[PDB]
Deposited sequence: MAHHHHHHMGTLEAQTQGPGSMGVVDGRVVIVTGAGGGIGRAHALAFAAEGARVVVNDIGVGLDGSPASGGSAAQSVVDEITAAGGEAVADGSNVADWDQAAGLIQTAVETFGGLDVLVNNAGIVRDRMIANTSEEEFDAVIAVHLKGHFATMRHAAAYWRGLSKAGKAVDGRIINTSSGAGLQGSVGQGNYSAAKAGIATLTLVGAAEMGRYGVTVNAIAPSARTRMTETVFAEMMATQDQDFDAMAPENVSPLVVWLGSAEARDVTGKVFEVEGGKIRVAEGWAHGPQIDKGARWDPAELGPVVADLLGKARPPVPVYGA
């Protein structure tokens, strides 16, 4: 039997790249998949006939699995709600939400346009928040009604969100919001049987989506196995974790810690802080450097 046999999984941005790899990986392990992607079909509507979402659905069905396309824009709060309903209406419920949809608009902070900031924040951080909001309310409602909940949220952060990435300020901020939102979700939703975790694919993992296809450590398919496992019944005791992944590597990211402290026990004179700050900083753990520095 598959690792997620019978489970209903939504994957956002699943028309290509890593999201496509997750969709195929889940279906291969017995899940019924909602392939969510805004890419338009021949008629210019999201996820319709001729779309990337439908192409992935056809791959799944040709392999003997079950899937449906959905064109919700997760940055649109109401369409994110409708995405949860697509799963419930089509397949009878929802077990796993995989937040993957993203865009990049890479610029130095000093050269970032308003629209370039807004778009990256909206797709990544608002999109992840909106689906979490609506899926959690759904699962909480089942729990209130005495129903079975063993639900799973897997978010997509990045080393750029954890330690920063030069020339990717907007993207780094959004992925940082996603890492912390994962921590908070885990704390809030365990009450009604939902775990919340994140993966952070390496920057070298191949994440763009080319036309032609035919050990490659950087293949996006190498990221999905841990997502599928976290979406399984067996992963019920894992929550609030962030896993960095590439190829065959899995690394646990360890969160912000309390470093060196000093206490005056009174109000500091700003003039006296130089030696105080120098002392603290020499004693502090060296950080993981900003990516691209």
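No alpha-carbon coordinates exist for the deposited sequence positions 1-21, 236-243, given here in order along the chain.
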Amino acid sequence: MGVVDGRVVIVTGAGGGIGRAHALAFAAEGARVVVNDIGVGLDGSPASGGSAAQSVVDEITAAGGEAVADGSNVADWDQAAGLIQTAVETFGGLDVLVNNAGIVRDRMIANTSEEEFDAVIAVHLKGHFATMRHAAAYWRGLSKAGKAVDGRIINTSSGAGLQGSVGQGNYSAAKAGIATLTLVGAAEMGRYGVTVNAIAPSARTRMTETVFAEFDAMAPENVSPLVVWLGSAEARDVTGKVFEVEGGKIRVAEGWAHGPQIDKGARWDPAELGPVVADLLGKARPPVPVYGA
From here on, numbers count along this sequence of modelled residues.
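With 173-181 and 140-148 compared on mean CA B-factor from the PDB entry, the stretch scoring higher is 140-148. Looking at mean Cα B-factors across 44-52 and 30-38, the upper value is held by 44-52.
Taking the PDB entry at face value, the top CA B factor among 262, 227, 242, 250 belongs to 262. For the set 9, 18, 24, 276, the maximum C-alpha B-factor listed in the entry falls on 276. The deposited CA B-factor of residue 121 belongs to the middle third of values across its chain. Per the deposited record, the Cα B-factor of residue 167 falls in the highest third when ranked against the other modelled residues of its chain. Residue-level temperature factors show residue 69 in the middle third of its chain, judged at the C-alpha atom.
Ranked against the other modelled residues of its chain, the C-alpha B-factor of residue 79 as given in the entry falls in the middle third. Per-chain ranking of the deposited C-alpha B factor places residue 109 in the highest third.
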